[PDB]
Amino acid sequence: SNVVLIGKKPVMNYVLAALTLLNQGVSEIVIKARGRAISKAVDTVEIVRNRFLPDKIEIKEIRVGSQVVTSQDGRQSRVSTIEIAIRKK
């Protein structure tokens, strides 16, 4: 897998996960998040491209979306989504 899914942990955990994939020879990874985690997804990418790999990574694409979540009871909520694909240069 080339995906880093952002959860509840500190941002640096995800930065490390990203750096680890890249260091293993994966040249493109995708940082994915939903809801409040979107801020941390953007932040993960920014830490990677400013502090750790400045001038060695670029953003290939940003996917901004929304989902309708339907549970077993039939009730719904809406949740924002982001996915950021980054690649070595």
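Numbering starts at 1 and follows the sequence shown.
For the pair 4-12 and 79-87, the mean B factor over Cα atoms is greater in 4-12.
Between 30-38 and 43-51, the higher mean Cα B-factor belongs to 43-51.
Split the chain's modelled residues into thirds by C-alpha temperature factor. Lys56 is in the highest one. Ranked within its chain, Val69 lands in the lowest third, by CA B factor from the PDB record.
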